[PDB]
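Working notes, beginning with the structure itself.
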Amino acid sequence: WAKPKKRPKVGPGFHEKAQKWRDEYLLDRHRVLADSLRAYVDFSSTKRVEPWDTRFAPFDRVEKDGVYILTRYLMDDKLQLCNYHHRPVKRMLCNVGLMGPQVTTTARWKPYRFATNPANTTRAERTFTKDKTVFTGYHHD
Amino acid sequence: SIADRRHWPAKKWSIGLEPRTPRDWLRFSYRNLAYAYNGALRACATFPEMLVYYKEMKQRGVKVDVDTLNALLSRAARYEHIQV
Amino acid sequence: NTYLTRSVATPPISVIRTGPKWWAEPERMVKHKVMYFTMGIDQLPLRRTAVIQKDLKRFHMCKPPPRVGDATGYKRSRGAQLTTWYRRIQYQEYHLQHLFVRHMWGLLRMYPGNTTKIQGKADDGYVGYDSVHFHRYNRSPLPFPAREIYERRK
Amino acid sequence: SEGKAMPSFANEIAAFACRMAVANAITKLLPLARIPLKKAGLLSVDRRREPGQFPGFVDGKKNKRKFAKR
Amino acid sequence: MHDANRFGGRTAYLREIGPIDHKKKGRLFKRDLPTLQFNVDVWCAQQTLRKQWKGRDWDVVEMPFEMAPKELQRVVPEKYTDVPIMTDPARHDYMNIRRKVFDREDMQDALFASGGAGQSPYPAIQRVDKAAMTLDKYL
Amino acid sequence: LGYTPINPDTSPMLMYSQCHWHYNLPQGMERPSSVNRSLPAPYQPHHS
Amino acid sequence: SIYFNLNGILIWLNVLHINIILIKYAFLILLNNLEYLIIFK
Amino acid sequence: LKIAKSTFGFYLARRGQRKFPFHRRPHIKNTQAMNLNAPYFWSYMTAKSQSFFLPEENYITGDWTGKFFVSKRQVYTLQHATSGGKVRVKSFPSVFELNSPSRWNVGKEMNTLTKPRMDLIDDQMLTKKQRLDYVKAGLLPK
Amino acid sequence: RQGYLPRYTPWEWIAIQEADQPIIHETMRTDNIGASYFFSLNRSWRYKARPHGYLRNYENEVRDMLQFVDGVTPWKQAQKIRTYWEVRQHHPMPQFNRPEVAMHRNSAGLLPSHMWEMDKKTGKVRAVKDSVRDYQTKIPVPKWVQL
Amino acid sequence: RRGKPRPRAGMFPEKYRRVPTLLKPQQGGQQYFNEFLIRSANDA
Amino acid sequence: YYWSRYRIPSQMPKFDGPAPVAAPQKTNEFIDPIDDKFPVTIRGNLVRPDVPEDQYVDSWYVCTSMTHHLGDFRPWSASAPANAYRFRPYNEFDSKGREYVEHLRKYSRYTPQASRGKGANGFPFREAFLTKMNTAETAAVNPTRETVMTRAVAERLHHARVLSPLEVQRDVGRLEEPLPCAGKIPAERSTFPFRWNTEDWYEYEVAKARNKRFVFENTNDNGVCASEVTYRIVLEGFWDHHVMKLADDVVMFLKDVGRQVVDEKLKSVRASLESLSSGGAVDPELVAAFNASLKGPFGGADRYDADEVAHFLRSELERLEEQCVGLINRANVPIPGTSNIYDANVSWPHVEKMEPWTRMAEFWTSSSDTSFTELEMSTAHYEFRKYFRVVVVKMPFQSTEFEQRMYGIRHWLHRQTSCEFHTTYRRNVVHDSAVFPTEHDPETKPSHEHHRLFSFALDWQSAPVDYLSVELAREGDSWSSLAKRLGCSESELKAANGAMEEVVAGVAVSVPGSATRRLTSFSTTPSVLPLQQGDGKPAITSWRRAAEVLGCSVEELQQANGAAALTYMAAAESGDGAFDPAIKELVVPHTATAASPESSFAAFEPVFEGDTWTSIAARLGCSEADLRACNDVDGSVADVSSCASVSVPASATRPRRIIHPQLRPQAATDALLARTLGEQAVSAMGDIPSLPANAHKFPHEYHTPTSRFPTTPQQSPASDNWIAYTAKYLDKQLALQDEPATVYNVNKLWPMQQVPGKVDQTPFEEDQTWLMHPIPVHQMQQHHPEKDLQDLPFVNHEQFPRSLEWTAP
RNA sequence: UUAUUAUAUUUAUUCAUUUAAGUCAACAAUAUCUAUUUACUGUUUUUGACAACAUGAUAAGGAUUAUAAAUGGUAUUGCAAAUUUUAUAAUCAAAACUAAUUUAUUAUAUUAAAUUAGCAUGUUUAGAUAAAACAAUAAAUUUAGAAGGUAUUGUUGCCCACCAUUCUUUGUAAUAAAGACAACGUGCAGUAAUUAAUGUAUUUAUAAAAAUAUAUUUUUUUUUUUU
């Protein structure tokens, strides 16, 4: 046995540093909450980059033809309403059922944090530099 | 409890030795005994003793072989006092 | 190619050595057979490699031939030059399999994985949807979305 | 399939078990077919056994844990 | 392992991407196996359940006993509750009754006794003439 | 071998020692115990 | 108390082993850990 | 333990970096009590349904002389935030109170309210050895 | 002493052992009357047909529990137990969708923007004002609650 | 951990000491011997 | 002393010797020095004598093998009959060869009877039966055009016979050994091989696993497994050789008591038959029970003479003899020379094996804190075990004198071996329709609303339903008039009430058991008690006079009248302005109310299309002349879909109840929930919300426990199929709004019977729909109602160690 | 390197968790001949198993005894049977890391019910380093059999000089000699001992000592009877 050796006292008057610290931290807890909550919500209201991966069929087909037709006409206003998040569109797109089962099997989709980039995310440096002040679990923007 | 523990000796016969254990049944078969006998028949010098094997190998069903036919019949002619 | 995430490379011998585990995986060499077969390309190196493994797999159980003392060492030398040949036979085939496939994707328009070169369509390394700012080796900040090398229509 | 039933038997370690099972079968049907089979080993049985589970090895089969020196 | 091209992509539910700090980041249930293992057992069961339910060419329709097909005009023991019941041994008809499907055109009698112009549900079955001469008979 | 005593009803080293049966022996019944039927006691309960 | 002849007694107290033999193959191999471990045979 | 941080150091042994089964780790160390994932702010470390009834510790069973502190599973309500009286939760070193009330605290159990691993560490509580290890860490540099 | 251990317990010791212990009166299993469907299972609370196992089994007892909890409890006292959503009605952001399904459904209208303050340069929340003083809600306890 | 070097191959037991001696090497194709002795007896 | 046993009785051997030859002079002592250096070529690879393995018992604490025979060894000869090839019980096949030839012979006799009543044994060969089920591929592919050619060229053209491989003389020497005696067996596609159907193969293998228990052994047969009672005794000892030698003992015990006890009854049976041996001389009581039946076998109402009764009896003893003497015979077969207990045909009783119980208990052999690998690497597996043997005794009759020989076996069992008995005795049960009446449906069919949680607690008076057996003769009813309202026969009524020779209005007649129009003993429509005169003109003003006027309990009056109970005595605050009902008109407790043949039975019976006037009365049980009259005779049944039920005739009817009688009435539940139904009227609880207001906007975060995934969306209005959709949105002009679906119900959700009227969801056919729908993954720990006790997969608690194949009889 | 038999051999690496005390004794209620026993009361002198010292005792760890059924050890690892003489420290719900002795899930689909883990994106990239020969598949760059110890459970063994107090003692030579003795510092001189040692001679010097010259073995051995 390393015979269990005592830790000394908690120190004189540290309790006051405790009741203080925990409290005013819990106050900071509000603003980081208030900030991140807004960031989450206002993220949900914005537009995203299109979740599909254009490289793979059936999204290699030119914008004029292919599933872009139904994307442009049968559901166009809808896909803007859903704000192009990768959760609803893949559910909306599956409902129209005019492309069959090629949503999951054939059509390959962007990775997660590549699909939370908002519209007009030109520079690829962006998807990694999302702010650190907000605690969202990478739903924020 | 007496009748069980009797080990009736394997050498009930000539050159073909009886099995008494499951590992010994692996190295034994009525077909292969013909090999042992054809090895003894061709080792017998004269026709008369070559009987006691064939006479025996007919007792327990040791199936004869082609060379069993040769060993007997080849020396069947060469035994002088034979009757045709 | 459905696999696109970043990768890890291993030298030819370090893959050739696995033999029937992955290198001579029966169905794998059947894959690159048909692919060779259908392209009108003769499958000469594959069937050249196929007999190499098939004999090694068949004889992987036995002992090595008894090492009797030979001051000449010709047997030990022949034991080496015949080996390094076999490695050099699979070396060519290992590279050959990677040669056609990346070029094959040039004909099916399948974007290979990261840090991958197709002779004409992606002269330097293609990298799209990686885990980093820049092209891992060329230090070029990636474009978003993943850049495309083929023409859009089918 | 008398043994532990699995969905797909696509592995040689099972094929040999079948290659042997058919080998022993022919012999029982035909007596003198045991000669060309036994000389080629299809009758003989492997005693190879994949190592049973054991907690000590990290994966559980043959690779022990780690230990670093101070 | 969780290479996103595994398990039909549904492995994306179990993946902590990037250089995670094993202590603070990374969900717990993604670590223990049996939970990962029990989960895959869910999804893997779905494909079976999906495929079993994509082959539902038949549609289940109840029917009073009197005018049911003469195949099921006997006691029908429920599934998983008796040795599989071959339909008719004497009639040389050995097919599981749960596997025998009856054609909608065959049964517009009771099921669509409300048919009026009885064809209006469906036209009758055109059964192939298996006897007269045809290419099969070299003619 | 300590303060905690050995449970003589569940220990093999005891039950399968020489001072009791071994698990190999014919394991029959040792001796019939006719207690309640040779000298029986009458029923004097404490609960009335 | 039944009995059948002994072959070797083995007093394995914590101090030591003292293994006597009067060789045979075996039968039941008795055991006692009352205070001193002994392996009758 | 090597350093008996309480009475339960003398008894239980570390047993190395033992891997307990999931959710059966013996000590209930809720060091992840306050990890703010704003989207799941109502589902993380809360009742999995939002129609459960409040836990027992938010209520008073019988005629109590008085609790020194109310337990940390208690959930904070508006009555909590508006009455403003001293509400105490057990923590090291002695106790923590919610002196500055807010409505951002209403609805979340006290587990998610307090910060268990206080960032300000005690150079006083740790011997020269255990402090030294913090110096190498950079958590308590020099 | 001489090894004659009985392969079988002798017939004598069979009778001597089998007569030292009494027959259970219940294992006799005689019944010509039948079963008492109305009364048998409802016998006195001492020797009653005691249900056991899964909670389904306690039919005649759960009814007593309800009749019991109905008895002692005044509804007055039970009113004070609040559901979670009853409490979360007082939170600045009481109900907002989570990312699994209806993330897009959330809107700025759900934001309690007046609670905090925004700074245009940072675009973030610099701080928050006090909500305990100025929260005037007609239902501190919910409406149907009447102490 | 070992912490000592790896031992040689010879000191390790035989790698396939369990597979029966009949299988290493597998004398495959016993069918043909009767075909080959005939054609050989033909030419001779 | 408690220790005076533990001394040693003799003088131990003494130490006067040196170290034995070459022993201690590292060297591990356990290995015999010289004996092991003895070359294996000379002694072999054997370690323990080459005897049948079952002799050896895996020793404990002494890592070797020991013979359960005390140093004696039975050679392999005793393990087989005389001169057995490879020492087998039978020469013909090995273990597997005798395993699968069993079935192939057992299928040759399989007939649909062989399965019924028998459990897993009743199932045929899994393969021979499943391939038969596959008549898709069964179409017998005739030998190909090539084969019939290559043979025809051979057999005729090249003058060469063709021989099948079995018949090929592979022999080099013995080309006179014949082909196997079946060289001409017919090869078909159905029988061999066994290529079977996949989903059916599931249905077989599953139904096999569940029907293991459904063995009905108490039969009336004459076979090796025919019996009236089948006791199974499961001995349990820690050592296999213990339980075997014991399972051998009880056999030669029950073979004794079993032989004698059954023999006395056989001595009785032959006595109960012979020419001047009567005993089955029929009881006047028994000859009544055969003739106690309104309608027998051949013409009308029946009568048996005492003779054929005395024939029916002997018609059965002949079987209780054949089953008896067939037992004594199988009792005397096993001799010490040829004892084989494990075969039912030869021995009685016949011991049945059972898989031993094994519980691996692995643990860290080390104990230290700093290093965990030290612990894990130090794992050692020691197992607990218990070996079972099951004795199966089948008595053709249930003798209690024998059973109490059985339950005394627990005393003299071999040391450390407990036993359990599985008795299985036929029991005669009366299904008296008087208590459980097979009556029509309730007019108001109960629904899923009657089967929520706690429905057993509050929705159903535990069966059997209570029925009134007591009925008061009304003012001027006659015997036919009472038999009318009770729907019973006047003659049956005359027999039922022996004491009632004349009907005096106001006395209660005892309802006959065979009645068909008895009432549910309560009234359903609520009744109120006005403060109208009652007792004198003074009204009710206190709790006791409240009870006195209704003549029921103050308590049960409070139970229903909750609001009046929470305020005052008889709710002293009377009615002003508008009469306060619960105060003024106290609701009589449901218990104080009596039923009425009006409210009980629905007097409205529906009519269907195939109905005729008499056909409806044939269903209702009444006469057409009673029906048509009571219904104001119609020209045809087409107009009225619900003809009123006949005012009950004198004899009987089968009318539907107004409401299911078993259903626990709500008034009683009001009584059970008295206080809470009070505090509604007390504090005026208008309504309490379950979910906040905006819930319907917020679909997910409000997922109540009773709610379940995958969530069912709102149904598309009528898009049940494509025509329904096309006609609705694409082509409005199309005539067929929906193609003609089945008039009878179409449960697409097969086989999951789902509640009707509920918007329901078909399982998703395309994968894309499966992944994208919101389905949770099992993040938290796993829980199951049954095996939550057995906490983990690792720690499997066993309250009782029983063989994992222990089938409760 | 002496005349049935193989190491050269991949697959890995960021890992942590413990709380807020309470042992000084036993008592049938139904259906067997009746006990209120119903509610069987008698007032108080010790200090081991502990928060502390307190003998025993089973593990982890591979290195040279299978060809016709076996790859994990004793020297010892927290709670154990004779050493007591400050002291309650034990799991209970809701609970806070500093810890050597640990598979964590890496991009088609991802939180359903006892409460369970939001920052670490950066070329499956430093140095260190981990574990297989067993129902699988790698069978050779190669092996008994000769050898030493100042230690004396033995290389993590001892020893050695210079470098301080001392003390003692003188035949007083930088900076007396000798002997004693245990510090610190400097190596690592010696035990075939990291270029073998010893000796003698010359020279050299932090210090054991080193270079050159000769003998030498208290160093270990390598061996043509005229080609």
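Identifiers for the structure tokens are assigned positionally: chains receive A, B, ... in sequence, residues are indexed from 1 per chain, and ligands are indexed from 1 in the order shown.
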
message: Set the cut-off to 10 Å and count only C-alpha atoms: what are the residues of chain K that reach chain G? Output as a PyMOL selection string.
response: chain K and resi 6-7+9+12-15+17-20+29+48-49+59-62+64-72

Using the selection just defined, write its residues with N, CA, C and O atoms as a short mmCIF file (atom, residue, chain, number, x, y, z; two decimals), in the first residue's frame.
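The new file selection-v3.cif reads:
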data_model
loop_
_atom_site.label_atom_id
_atom_site.label_comp_id
_atom_site.auth_asym_id
_atom_site.auth_seq_id
_atom_site.Cartn_x
_atom_site.Cartn_y
_atom_site.Cartn_z
N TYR K 6 -12.58 -35.42 14.44
CA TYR K 6 -11.57 -34.97 13.49
C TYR K 6 -10.18 -35.47 13.81
O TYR K 6 -9.27 -35.31 12.99
N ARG K 7 -9.98 -36.07 14.98
CA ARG K 7 -8.73 -36.77 15.24
C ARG K 7 -8.56 -37.93 14.27
O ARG K 7 -9.49 -38.31 13.57
N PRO K 9 -7.82 -41.96 13.56
CA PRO K 9 -8.11 -43.15 14.38
C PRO K 9 -6.94 -44.12 14.45
O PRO K 9 -6.86 -44.89 15.42
N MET K 12 -0.50 -43.16 11.65
CA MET K 12 -0.10 -42.78 10.30
C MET K 12 1.25 -43.40 9.96
O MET K 12 2.03 -43.77 10.85
N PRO K 13 1.56 -43.56 8.67
CA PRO K 13 2.89 -44.04 8.29
C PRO K 13 3.97 -43.07 8.72
O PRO K 13 3.76 -41.86 8.77
N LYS K 14 5.15 -43.61 9.03
CA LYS K 14 6.20 -42.85 9.70
C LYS K 14 7.34 -42.57 8.74
O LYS K 14 7.49 -43.24 7.71
N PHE K 15 8.14 -41.56 9.08
CA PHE K 15 9.17 -41.02 8.19
C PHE K 15 10.52 -41.62 8.56
O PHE K 15 11.20 -41.12 9.46
N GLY K 17 12.74 -42.72 5.80
CA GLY K 17 13.29 -42.99 4.50
C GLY K 17 13.98 -41.82 3.83
O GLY K 17 13.86 -40.67 4.24
N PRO K 18 14.73 -42.12 2.77
CA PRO K 18 15.39 -41.06 2.01
C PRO K 18 14.50 -40.59 0.87
O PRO K 18 13.38 -41.05 0.68
N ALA K 19 15.03 -39.63 0.11
CA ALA K 19 14.30 -39.14 -1.04
C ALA K 19 14.27 -40.22 -2.12
O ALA K 19 15.31 -40.80 -2.45
N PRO K 20 13.09 -40.53 -2.67
CA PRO K 20 13.00 -41.59 -3.67
C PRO K 20 13.91 -41.34 -4.87
O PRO K 20 14.46 -40.24 -5.04
N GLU K 29 8.14 -31.04 -9.15
CA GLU K 29 8.04 -32.37 -8.56
C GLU K 29 6.90 -33.18 -9.15
O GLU K 29 6.95 -34.41 -9.15
N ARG K 48 -4.48 -41.58 -18.72
CA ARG K 48 -5.36 -42.37 -17.87
C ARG K 48 -5.79 -43.59 -18.66
O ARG K 48 -5.90 -43.53 -19.89
N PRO K 49 -6.02 -44.72 -17.98
CA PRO K 49 -6.34 -45.97 -18.69
C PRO K 49 -7.38 -45.79 -19.78
O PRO K 49 -8.34 -45.03 -19.64
N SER K 59 -12.11 -34.30 -11.62
CA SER K 59 -11.85 -34.11 -10.21
C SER K 59 -11.97 -32.65 -9.82
O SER K 59 -11.98 -31.75 -10.67
N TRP K 60 -12.06 -32.41 -8.52
CA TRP K 60 -12.15 -31.07 -7.96
C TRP K 60 -10.91 -30.82 -7.11
O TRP K 60 -10.52 -31.67 -6.31
N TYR K 61 -10.28 -29.67 -7.32
CA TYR K 61 -9.14 -29.16 -6.56
C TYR K 61 -7.91 -30.03 -6.77
O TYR K 61 -6.84 -29.67 -6.28
N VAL K 62 -8.01 -31.13 -7.50
CA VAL K 62 -6.88 -32.03 -7.73
C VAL K 62 -6.81 -32.26 -9.22
O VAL K 62 -7.55 -33.08 -9.77
N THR K 64 -6.44 -33.72 -11.95
CA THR K 64 -6.28 -35.00 -12.61
C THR K 64 -7.67 -35.56 -12.88
O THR K 64 -8.67 -34.86 -12.74
N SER K 65 -7.72 -36.83 -13.26
CA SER K 65 -8.97 -37.52 -13.48
C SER K 65 -9.11 -38.65 -12.47
O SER K 65 -8.11 -39.27 -12.09
N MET K 66 -10.33 -38.91 -12.04
CA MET K 66 -10.62 -39.96 -11.08
C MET K 66 -11.84 -40.73 -11.54
O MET K 66 -12.76 -40.16 -12.14
N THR K 67 -11.85 -42.03 -11.28
CA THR K 67 -12.93 -42.88 -11.76
C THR K 67 -14.08 -42.90 -10.76
O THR K 67 -13.88 -43.12 -9.56
N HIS K 68 -15.30 -42.68 -11.26
CA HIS K 68 -16.45 -42.73 -10.36
C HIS K 68 -16.66 -44.14 -9.84
O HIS K 68 -17.18 -44.33 -8.73
N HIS K 69 -16.25 -45.14 -10.61
CA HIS K 69 -16.01 -46.45 -10.04
C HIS K 69 -14.79 -46.38 -9.15
O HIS K 69 -13.74 -45.85 -9.55
N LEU K 70 -14.90 -46.92 -7.94
CA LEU K 70 -13.83 -46.78 -6.97
C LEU K 70 -12.65 -47.66 -7.38
O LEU K 70 -12.48 -48.80 -6.96
N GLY K 71 -11.81 -47.09 -8.24
CA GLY K 71 -10.61 -47.76 -8.69
C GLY K 71 -10.83 -48.94 -9.59
O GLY K 71 -9.85 -49.50 -10.09
N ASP K 72 -12.07 -49.35 -9.81
CA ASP K 72 -12.40 -50.40 -10.76
C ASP K 72 -12.55 -49.78 -12.14
O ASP K 72 -12.88 -48.59 -12.25
#

message: Report as an NGL selection string all protein, DNA and RNA residues lying within 12 Å of segment 79-83 of chain I, evaluated on only C-alpha atoms (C1' of nucleotides), omitting residues in the same chain fewer than 3 positions from it.
response: (:H and (47 or 49-61 or 75-79 or 107)) or (:I and (73-76 or 86-89 or 140-147)) or (:K and (679 or 683 or 685 or 688-692))

Expected file: the selected residues, N, CA and C atoms, as a CSV table (one decimal), in the first residue's frame:
chain,number,residue,atom,x,y,z
H,47,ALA,N,-35.8,16.2,-17.5
H,47,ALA,CA,-36.8,15.2,-17.7
H,47,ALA,C,-37.0,14.9,-19.2
H,49,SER,N,-39.4,13.8,-20.8
H,49,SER,CA,-40.6,14.3,-21.1
H,49,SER,C,-40.9,15.6,-20.4
H,50,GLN,N,-41.6,16.5,-21.1
H,50,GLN,CA,-41.9,17.8,-20.5
H,50,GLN,C,-43.3,17.8,-19.9
H,51,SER,N,-43.9,16.7,-19.6
H,51,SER,CA,-45.1,16.5,-18.9
H,51,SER,C,-45.0,15.7,-17.6
H,52,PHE,N,-43.7,15.4,-17.2
H,52,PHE,CA,-43.5,14.8,-15.9
H,52,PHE,C,-43.9,15.8,-14.8
H,53,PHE,N,-44.1,15.3,-13.6
H,53,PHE,CA,-44.2,16.2,-12.5
H,53,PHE,C,-42.8,16.5,-11.9
H,54,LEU,N,-42.8,17.6,-11.1
H,54,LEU,CA,-41.5,18.0,-10.6
H,54,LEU,C,-40.9,16.9,-9.6
H,55,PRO,N,-39.6,16.9,-9.4
H,55,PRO,CA,-39.0,15.9,-8.5
H,55,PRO,C,-39.5,16.2,-7.1
H,56,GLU,N,-39.2,15.3,-6.2
H,56,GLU,CA,-39.6,15.4,-4.8
H,56,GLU,C,-38.9,16.5,-4.1
H,57,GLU,N,-37.6,16.8,-4.4
H,57,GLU,CA,-36.8,17.7,-3.6
H,57,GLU,C,-37.3,19.1,-3.8
H,58,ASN,N,-38.2,19.4,-4.8
H,58,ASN,CA,-38.7,20.7,-4.9
H,58,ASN,C,-39.9,20.9,-4.0
H,59,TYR,N,-40.3,19.9,-3.2
H,59,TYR,CA,-41.5,19.9,-2.4
H,59,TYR,C,-41.2,19.6,-0.9
H,60,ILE,N,-42.1,19.8,-0.1
H,60,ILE,CA,-41.9,19.6,1.4
H,60,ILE,C,-42.9,18.5,1.8
H,61,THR,N,-42.4,17.4,2.3
H,61,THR,CA,-43.3,16.3,2.7
H,61,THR,C,-44.0,16.5,4.0
H,75,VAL,N,-35.5,21.6,-9.0
H,75,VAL,CA,-35.6,22.4,-10.2
H,75,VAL,C,-36.0,23.8,-9.9
H,76,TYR,N,-35.4,24.8,-10.6
H,76,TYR,CA,-35.7,26.2,-10.2
H,76,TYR,C,-36.9,26.7,-10.9
H,77,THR,N,-37.8,27.3,-10.1
H,77,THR,CA,-39.0,27.9,-10.6
H,77,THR,C,-39.0,29.4,-10.5
H,78,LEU,N,-40.1,30.0,-11.0
H,78,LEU,CA,-40.2,31.5,-10.8
H,78,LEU,C,-40.3,31.8,-9.3
H,79,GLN,N,-41.2,31.1,-8.6
H,79,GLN,CA,-41.3,31.3,-7.1
H,79,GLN,C,-39.9,31.2,-6.5
H,107,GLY,N,-36.8,26.5,-14.5
H,107,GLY,CA,-37.1,25.4,-15.3
H,107,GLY,C,-36.0,24.3,-15.4
I,73,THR,N,-56.3,11.8,0.6
I,73,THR,CA,-55.8,13.0,-0.1
I,73,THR,C,-56.9,14.1,-0.2
I,74,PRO,N,-56.7,15.3,0.2
I,74,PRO,CA,-57.5,16.4,-0.2
I,74,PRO,C,-57.0,17.0,-1.5
I,75,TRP,N,-57.9,17.2,-2.5
I,75,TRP,CA,-57.4,17.8,-3.7
I,75,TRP,C,-56.7,19.2,-3.5
I,76,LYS,N,-57.1,19.9,-2.4
I,76,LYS,CA,-56.4,21.1,-2.0
I,76,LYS,C,-54.9,21.0,-2.0
I,86,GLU,N,-45.7,23.7,-16.9
I,86,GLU,CA,-46.3,24.7,-16.0
I,86,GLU,C,-45.2,25.6,-15.5
I,87,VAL,N,-44.0,25.1,-15.1
I,87,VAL,CA,-43.0,25.9,-14.6
I,87,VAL,C,-42.2,26.6,-15.7
I,88,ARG,N,-42.0,25.9,-16.9
I,88,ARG,CA,-41.3,26.6,-18.0
I,88,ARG,C,-42.1,27.6,-18.7
I,89,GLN,N,-43.4,27.8,-18.3
I,89,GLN,CA,-44.2,28.9,-18.9
I,89,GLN,C,-43.6,30.3,-18.4
I,140,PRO,N,-48.8,33.4,-11.9
I,140,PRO,CA,-47.6,32.8,-11.2
I,140,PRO,C,-47.8,31.3,-10.9
I,141,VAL,N,-48.9,31.0,-10.2
I,141,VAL,CA,-49.5,29.7,-10.2
I,141,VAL,C,-50.5,29.7,-11.4
I,142,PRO,N,-50.7,28.5,-12.0
I,142,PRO,CA,-51.6,28.5,-13.2
I,142,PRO,C,-53.0,28.8,-12.9
I,143,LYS,N,-53.8,29.1,-13.9
I,143,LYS,CA,-55.1,29.6,-13.7
I,143,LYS,C,-56.0,28.6,-13.0
I,144,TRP,N,-56.2,27.4,-13.4
I,144,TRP,CA,-57.0,26.4,-12.8
I,144,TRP,C,-56.6,26.1,-11.4
I,145,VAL,N,-55.4,26.5,-11.0
I,145,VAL,CA,-54.9,26.3,-9.6
I,145,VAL,C,-55.6,27.3,-8.7
I,146,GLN,N,-56.3,26.8,-7.7
I,146,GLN,CA,-57.0,27.6,-6.7
I,146,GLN,C,-56.8,27.0,-5.4
I,147,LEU,N,-55.8,27.6,-4.6
I,147,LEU,CA,-55.4,27.1,-3.4
I,147,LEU,C,-56.5,26.9,-2.4
K,679,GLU,N,-64.3,17.0,-5.5
K,679,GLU,CA,-63.5,18.2,-5.6
K,679,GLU,C,-63.6,18.8,-7.0
K,683,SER,N,-64.6,22.9,-5.9
K,683,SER,CA,-63.7,24.0,-6.3
K,683,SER,C,-63.9,24.4,-7.8
K,685,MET,N,-63.3,23.0,-10.9
K,685,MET,CA,-62.3,22.8,-11.8
K,685,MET,C,-62.9,22.7,-13.2
K,688,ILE,N,-58.3,21.3,-17.1
K,688,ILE,CA,-56.8,21.4,-16.9
K,688,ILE,C,-56.1,21.0,-18.2
K,689,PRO,N,-55.1,21.8,-18.6
K,689,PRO,CA,-54.4,21.5,-19.9
K,689,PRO,C,-53.4,20.4,-19.6
K,690,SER,N,-53.2,19.6,-20.6
K,690,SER,CA,-52.2,18.6,-20.6
K,690,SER,C,-50.9,19.0,-21.3
K,691,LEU,N,-51.1,19.8,-22.4
K,691,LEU,CA,-50.0,20.3,-23.1
K,691,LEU,C,-50.1,21.8,-23.2
K,692,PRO,N,-49.1,22.6,-23.2
K,692,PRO,CA,-49.2,24.0,-23.5
K,692,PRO,C,-49.8,24.3,-24.8

field: Test item: residues at most 10 Å from residue 101 of chain I, only C-alpha atoms (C1' of nucleotides), excluding those fewer than 2 positions along its chain, as a PyMOL selection string
entry: (chain A and resi 87-88+91) or (chain I and resi 97-99+103-105) or (chain K and resi 698-701+772-774)

- prompt: Neighbours of segment 96-99 of chain C within 10 Å (only C-alpha atoms (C1' of nucleotides); same-chain residues fewer than 4 positions away dropped), as a PyMOL selection string?
  reply: chain C and resi 29+32-33+35-36+45-46+90-92+103-104+117-119
